[PDB]
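Novice: Once you've had a glance at the structure underneath, I'll fire off some questions.
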Amino acid sequence: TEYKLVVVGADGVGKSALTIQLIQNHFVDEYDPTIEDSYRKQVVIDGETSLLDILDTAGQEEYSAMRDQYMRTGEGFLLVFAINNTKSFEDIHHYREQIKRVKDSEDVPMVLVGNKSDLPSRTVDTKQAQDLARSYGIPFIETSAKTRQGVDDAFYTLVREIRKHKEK
Ligand SMILES: Oc1cc(-c2ncc3c(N4C[C@H]5CC[C@@H](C4)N5)nc(OC[C@]45CCCN4C[C@@H](F)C5)nc3c2F)c2ccccc2c1
Ligand SMILES: Nc1nc2c(ncn2[C@@H]2O[C@H](COP(=O)(O)OP(=O)(O)O)[C@@H](O)[C@H]2O)c(=O)[nH]1
Ligand SMILES: [Mg+2]
């Protein structure tokens, strides 16, 4: 089994740091903000061996046809914001609508991720994030790429959401 996972969200929220924790087991400071890359990892989740193919998105805000078709191959999406950046939380709606648009579907596996939970300078309350996730009908996972809090949980929860979708 293989799952195509895509990590989206505003610049600086920790998409690259979360991905590199999952894949390479270390915390990277100031990874080049412009680099989009992909990684594969073999995991066991609830007894099922699978390959996670993870796209760590980056780059300019552009909407080419090639970009839509490429994003459309994603089976599940992490919607990442940082808990110290209210604008990144406000931007979650945008990324969700673009995912719906390219997938031509109201039911796309997604997980809301509030990253940088190790920082004291919080501006987005856990209750606001839980309420947003409830409104979308998706899970909310608190993470820190720095301490590895919630990292496996975020990705594995997204796989569980894909499996639920495939059962419908
Ligand atoms: O063809 C596509 C294209 C995208 C797509 N690709 C890149 C985006 C992009 N950048 C890339 C990364 C992340 C931030 C920065 C620029 N570096 N930024 C935004 O939005 C940014 C905000 C919020 C809205 C207005 N702008 C201005 C400010 F407010 C902030 N959206 C993007 C975006 F939708 C798709 C995304 C998901 C599903 C299918 C897609 C299909
Ligand atoms: N304290 C803390 N810093 C983080 C966390 N995740 C990312 N960072 C830092 O925030 C900055 C932006 O992270 P990055 O992974 O490049 O974000 P991206 O633009 O979403 O790929 C970098 O300096 C990271 O080291 C986190 O969970 N906690
Ligand atoms: Mg990055």
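By order of appearance in the structure tokens: chains A, B, ..., then residues from 1 within every chain, and ligands from 1 in the order shown.
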Neighbours of segment 78-81 of chain A within 10 Å (only C-alpha atoms; same-chain residues fewer than 5 positions away dropped), as a count of residues only?
Specialist: 41
Novice: Report as a Markdown table the residues of chain A within 9 Å of ligand 3, each with its shortest atom pair and distance in Å (one decimal), using only C-alpha atoms and all ligand atoms, ordered by chain and increasing residue number.
Specialist:
```
| residue | atom | partner | partner_atom_place_in_ligand_line | distance |
| --- | --- | --- | --- | --- |
| A:11 | CA | ligand 3 | 1 (Mg) | 6.9 |
| A:12 | CA | ligand 3 | 1 (Mg) | 7.0 |
| A:13 | CA | ligand 3 | 1 (Mg) | 8.3 |
| A:14 | CA | ligand 3 | 1 (Mg) | 6.8 |
| A:15 | CA | ligand 3 | 1 (Mg) | 5.4 |
| A:16 | CA | ligand 3 | 1 (Mg) | 4.1 |
| A:17 | CA | ligand 3 | 1 (Mg) | 7.2 |
| A:19 | CA | ligand 3 | 1 (Mg) | 8.9 |
| A:30 | CA | ligand 3 | 1 (Mg) | 8.6 |
| A:31 | CA | ligand 3 | 1 (Mg) | 6.3 |
| A:32 | CA | ligand 3 | 1 (Mg) | 6.4 |
| A:33 | CA | ligand 3 | 1 (Mg) | 4.5 |
| A:34 | CA | ligand 3 | 1 (Mg) | 6.4 |
| A:35 | CA | ligand 3 | 1 (Mg) | 6.1 |
| A:36 | CA | ligand 3 | 1 (Mg) | 6.9 |
| A:37 | CA | ligand 3 | 1 (Mg) | 8.8 |
| A:56 | CA | ligand 3 | 1 (Mg) | 6.7 |
| A:57 | CA | ligand 3 | 1 (Mg) | 6.7 |
| A:58 | CA | ligand 3 | 1 (Mg) | 5.6 |
| A:59 | CA | ligand 3 | 1 (Mg) | 8.5 |
```
Novice: Just write the chosen residues, N, CA and C atoms, as a PDB file, in the first residue's frame.
Specialist:
```
ATOM      1  N   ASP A  11       4.115  30.097   4.414  1.00  0.00           N
ATOM      2  CA  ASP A  11       5.558  30.077   4.672  1.00  0.00           C
ATOM      3  C   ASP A  11       5.855  30.173   6.162  1.00  0.00           C
ATOM      4  N   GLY A  12       6.863  29.413   6.607  1.00  0.00           N
ATOM      5  CA  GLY A  12       7.356  29.571   7.953  1.00  0.00           C
ATOM      6  C   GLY A  12       6.629  28.795   9.026  1.00  0.00           C
ATOM      7  N   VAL A  13       5.613  28.024   8.675  1.00  0.00           N
ATOM      8  CA  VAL A  13       4.823  27.364   9.704  1.00  0.00           C
ATOM      9  C   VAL A  13       5.497  26.107  10.190  1.00  0.00           C
ATOM     10  N   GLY A  14       6.435  25.552   9.409  1.00  0.00           N
ATOM     11  CA  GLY A  14       7.151  24.346   9.792  1.00  0.00           C
ATOM     12  C   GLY A  14       6.876  23.144   8.882  1.00  0.00           C
ATOM     13  N   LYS A  15       6.372  23.358   7.657  1.00  0.00           N
ATOM     14  CA  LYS A  15       6.131  22.215   6.777  1.00  0.00           C
ATOM     15  C   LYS A  15       7.392  21.397   6.554  1.00  0.00           C
ATOM     16  N   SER A  16       8.485  22.083   6.231  1.00  0.00           N
ATOM     17  CA  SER A  16       9.744  21.378   5.980  1.00  0.00           C
ATOM     18  C   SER A  16      10.272  20.730   7.246  1.00  0.00           C
ATOM     19  N   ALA A  17      10.186  21.435   8.372  1.00  0.00           N
ATOM     20  CA  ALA A  17      10.724  20.863   9.604  1.00  0.00           C
ATOM     21  C   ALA A  17       9.920  19.655  10.042  1.00  0.00           C
ATOM     22  N   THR A  19       8.239  17.589   7.980  1.00  0.00           N
ATOM     23  CA  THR A  19       8.559  16.529   7.021  1.00  0.00           C
ATOM     24  C   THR A  19       9.932  15.944   7.314  1.00  0.00           C
ATOM     25  N   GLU A  30      15.855  26.798   9.811  1.00  0.00           N
ATOM     26  CA  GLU A  30      15.910  27.689   8.648  1.00  0.00           C
ATOM     27  C   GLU A  30      16.185  26.962   7.314  1.00  0.00           C
ATOM     28  N   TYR A  31      15.515  25.822   7.112  1.00  0.00           N
ATOM     29  CA  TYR A  31      15.615  25.127   5.831  1.00  0.00           C
ATOM     30  C   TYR A  31      15.147  26.041   4.699  1.00  0.00           C
ATOM     31  N   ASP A  32      15.883  26.043   3.575  1.00  0.00           N
ATOM     32  CA  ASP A  32      15.578  26.955   2.470  1.00  0.00           C
ATOM     33  C   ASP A  32      14.073  27.057   2.230  1.00  0.00           C
ATOM     34  N   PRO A  33      13.480  28.249   2.406  1.00  0.00           N
ATOM     35  CA  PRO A  33      12.024  28.364   2.331  1.00  0.00           C
ATOM     36  C   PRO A  33      11.470  28.129   0.977  1.00  0.00           C
ATOM     37  N   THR A  34      12.299  28.192  -0.066  1.00  0.00           N
ATOM     38  CA  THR A  34      11.783  28.083  -1.413  1.00  0.00           C
ATOM     39  C   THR A  34      11.801  26.659  -1.956  1.00  0.00           C
ATOM     40  N   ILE A  35      12.352  25.676  -1.242  1.00  0.00           N
ATOM     41  CA  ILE A  35      12.576  24.357  -1.842  1.00  0.00           C
ATOM     42  C   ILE A  35      11.358  23.460  -1.631  1.00  0.00           C
ATOM     43  N   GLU A  36      10.756  22.993  -2.748  1.00  0.00           N
ATOM     44  CA  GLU A  36       9.738  21.947  -2.747  1.00  0.00           C
ATOM     45  C   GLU A  36      10.394  20.631  -3.061  1.00  0.00           C
ATOM     46  N   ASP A  37      10.112  19.615  -2.246  1.00  0.00           N
ATOM     47  CA  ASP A  37      10.761  18.312  -2.399  1.00  0.00           C
ATOM     48  C   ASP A  37       9.835  17.221  -1.933  1.00  0.00           C
ATOM     49  N   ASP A  56       6.472  18.096   0.323  1.00  0.00           N
ATOM     50  CA  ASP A  56       6.667  19.268   1.170  1.00  0.00           C
ATOM     51  C   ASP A  56       6.595  20.466   0.234  1.00  0.00           C
ATOM     52  N   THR A  57       5.456  21.174   0.238  1.00  0.00           N
ATOM     53  CA  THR A  57       5.260  22.255  -0.739  1.00  0.00           C
ATOM     54  C   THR A  57       6.014  23.544  -0.408  1.00  0.00           C
ATOM     55  N   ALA A  58       6.322  24.312  -1.460  1.00  0.00           N
ATOM     56  CA  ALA A  58       7.018  25.583  -1.297  1.00  0.00           C
ATOM     57  C   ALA A  58       6.934  26.330  -2.616  1.00  0.00           C
ATOM     58  N   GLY A  59       7.440  27.550  -2.616  1.00  0.00           N
ATOM     59  CA  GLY A  59       7.588  28.290  -3.871  1.00  0.00           C
ATOM     60  C   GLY A  59       6.648  29.480  -3.978  1.00  0.00           C
TER      61      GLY A  59
END
```
Novice: So, counting only C-alpha atoms and all ligand atoms, which residue among A:101, A:94, A:146, A:127 is closest to ligand 2?
Specialist: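 Smallest separation from ligand 2 among the options: A:146.
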Novice: What is the atom CA of residue 152 of chain A to atom CA of residue 103 of chain A distance in Å?
Specialist: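 Taking atom CA of residue 152 of chain A as the start and atom CA of residue 103 of chain A as the end point, the length is 25.4 Å.
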Novice: Can you tell me which residues surround residue 75 of chain A at a distance of at most 12 Å, considering only C-alpha atoms, apart from same-chain residues fewer than 2 positions away, and format the answer as a ChimeraX atom specification?
Specialist: /A:2-7,52-55,70-73,77-78,99-100,102-103,105,107-111,158-166
Novice: Can those selected residues be exported to a file as a short mmCIF file (atom, residue, chain, number, x, y, z; two decimals), in the first residue's frame so that it contains N, CA, C and O atoms?
Specialist:
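Output below, filename selection.cif:
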```cif
data_model
loop_
_atom_site.label_atom_id
_atom_site.label_comp_id
_atom_site.auth_asym_id
_atom_site.auth_seq_id
_atom_site.Cartn_x
_atom_site.Cartn_y
_atom_site.Cartn_z
N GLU A 2 0.42 2.27 -0.70
CA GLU A 2 1.17 3.50 -0.85
C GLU A 2 0.19 4.64 -0.71
O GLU A 2 -0.92 4.58 -1.25
N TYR A 3 0.61 5.71 -0.02
CA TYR A 3 -0.22 6.89 0.22
C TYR A 3 0.51 8.15 -0.20
O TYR A 3 1.64 8.40 0.25
N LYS A 4 -0.14 8.99 -0.97
CA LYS A 4 0.44 10.26 -1.44
C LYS A 4 -0.08 11.36 -0.50
O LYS A 4 -1.27 11.70 -0.51
N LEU A 5 0.82 11.90 0.34
CA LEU A 5 0.48 12.91 1.33
C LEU A 5 1.11 14.23 0.91
O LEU A 5 2.24 14.25 0.41
N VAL A 6 0.37 15.33 1.06
CA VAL A 6 0.86 16.64 0.67
C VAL A 6 0.76 17.58 1.87
O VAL A 6 -0.29 17.67 2.52
N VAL A 7 1.84 18.30 2.15
CA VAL A 7 1.92 19.19 3.29
C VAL A 7 1.78 20.61 2.77
O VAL A 7 2.63 21.06 2.01
N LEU A 52 4.76 5.87 2.59
CA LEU A 52 4.24 7.24 2.58
C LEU A 52 5.08 8.03 1.61
O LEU A 52 6.28 8.17 1.82
N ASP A 53 4.45 8.60 0.61
CA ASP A 53 5.10 9.53 -0.32
C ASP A 53 4.70 10.93 0.11
O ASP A 53 3.51 11.26 0.08
N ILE A 54 5.64 11.74 0.55
CA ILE A 54 5.31 13.05 1.16
C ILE A 54 5.85 14.19 0.31
O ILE A 54 7.06 14.24 0.03
N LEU A 55 4.95 15.09 -0.13
CA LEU A 55 5.33 16.30 -0.83
C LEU A 55 5.32 17.46 0.16
O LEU A 55 4.29 17.79 0.74
N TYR A 70 -0.81 18.11 -10.56
CA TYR A 70 0.14 17.54 -9.63
C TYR A 70 -0.43 17.50 -8.20
O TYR A 70 -0.29 16.51 -7.47
N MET A 71 -1.04 18.61 -7.78
CA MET A 71 -1.67 18.66 -6.47
C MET A 71 -2.83 17.69 -6.39
O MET A 71 -3.08 17.10 -5.32
N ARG A 72 -3.51 17.46 -7.53
CA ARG A 72 -4.66 16.55 -7.58
C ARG A 72 -4.25 15.10 -7.30
O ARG A 72 -5.09 14.32 -6.85
N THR A 73 -2.98 14.73 -7.53
CA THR A 73 -2.56 13.37 -7.21
C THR A 73 -2.45 13.13 -5.69
O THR A 73 -2.41 11.97 -5.26
N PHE A 77 -4.09 15.60 2.78
CA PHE A 77 -3.36 16.87 2.94
C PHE A 77 -3.27 17.27 4.40
O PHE A 77 -4.25 17.17 5.14
N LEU A 78 -2.06 17.66 4.83
CA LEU A 78 -1.89 18.29 6.12
C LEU A 78 -2.06 19.78 5.91
O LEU A 78 -1.32 20.39 5.10
N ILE A 99 -7.64 22.84 -2.37
CA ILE A 99 -7.63 21.37 -2.41
C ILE A 99 -8.96 20.87 -2.94
O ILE A 99 -9.02 20.06 -3.87
N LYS A 100 -10.05 21.37 -2.37
CA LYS A 100 -11.36 21.03 -2.90
C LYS A 100 -11.47 21.30 -4.41
O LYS A 100 -12.08 20.53 -5.15
N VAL A 102 -9.10 21.43 -6.92
CA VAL A 102 -8.35 20.54 -7.81
C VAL A 102 -8.84 19.11 -7.65
O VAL A 102 -8.75 18.32 -8.60
N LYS A 103 -9.38 18.73 -6.49
CA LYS A 103 -9.87 17.36 -6.35
C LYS A 103 -11.29 17.21 -6.83
O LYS A 103 -11.79 16.08 -6.93
N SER A 105 -14.04 17.74 -5.29
CA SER A 105 -14.72 16.95 -4.29
C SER A 105 -14.83 17.73 -3.00
O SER A 105 -13.94 18.50 -2.64
N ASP A 107 -15.15 16.02 -0.12
CA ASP A 107 -14.70 15.03 0.87
C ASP A 107 -13.27 14.63 0.52
O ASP A 107 -13.04 13.65 -0.21
N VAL A 108 -12.30 15.42 0.95
CA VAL A 108 -10.90 15.12 0.71
C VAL A 108 -10.26 14.89 2.07
O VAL A 108 -10.42 15.72 2.96
N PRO A 109 -9.51 13.79 2.27
CA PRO A 109 -8.84 13.55 3.55
C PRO A 109 -7.89 14.69 3.89
O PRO A 109 -7.00 15.04 3.08
N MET A 110 -8.10 15.28 5.07
CA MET A 110 -7.28 16.40 5.55
C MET A 110 -7.13 16.27 7.07
O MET A 110 -8.00 15.72 7.77
N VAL A 111 -6.02 16.83 7.59
CA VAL A 111 -5.80 16.98 9.03
C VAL A 111 -5.30 18.38 9.28
O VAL A 111 -4.40 18.88 8.57
N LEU A 158 -3.48 11.25 9.27
CA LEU A 158 -3.91 11.51 7.90
C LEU A 158 -4.08 10.21 7.13
O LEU A 158 -5.02 10.08 6.34
N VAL A 159 -3.19 9.23 7.34
CA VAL A 159 -3.36 7.92 6.70
C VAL A 159 -4.67 7.28 7.12
O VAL A 159 -5.41 6.75 6.28
N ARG A 160 -5.00 7.35 8.42
CA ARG A 160 -6.28 6.82 8.89
C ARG A 160 -7.45 7.52 8.21
O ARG A 160 -8.45 6.85 7.90
N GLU A 161 -7.35 8.84 7.97
CA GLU A 161 -8.42 9.55 7.25
C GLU A 161 -8.53 9.08 5.81
O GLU A 161 -9.65 8.99 5.26
N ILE A 162 -7.39 8.81 5.17
CA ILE A 162 -7.46 8.26 3.82
C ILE A 162 -8.13 6.91 3.82
O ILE A 162 -8.98 6.62 2.97
N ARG A 163 -7.76 6.05 4.76
CA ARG A 163 -8.41 4.74 4.82
C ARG A 163 -9.91 4.87 5.02
O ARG A 163 -10.69 4.13 4.41
N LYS A 164 -10.35 5.79 5.87
CA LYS A 164 -11.80 5.98 6.06
C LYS A 164 -12.46 6.41 4.76
O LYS A 164 -13.55 5.94 4.41
N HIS A 165 -11.80 7.29 4.02
CA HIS A 165 -12.35 7.75 2.75
C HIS A 165 -12.48 6.61 1.76
O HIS A 165 -13.51 6.50 1.06
N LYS A 166 -11.46 5.73 1.71
CA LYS A 166 -11.47 4.62 0.78
C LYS A 166 -12.55 3.57 1.09
O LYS A 166 -12.94 2.82 0.19
#
```
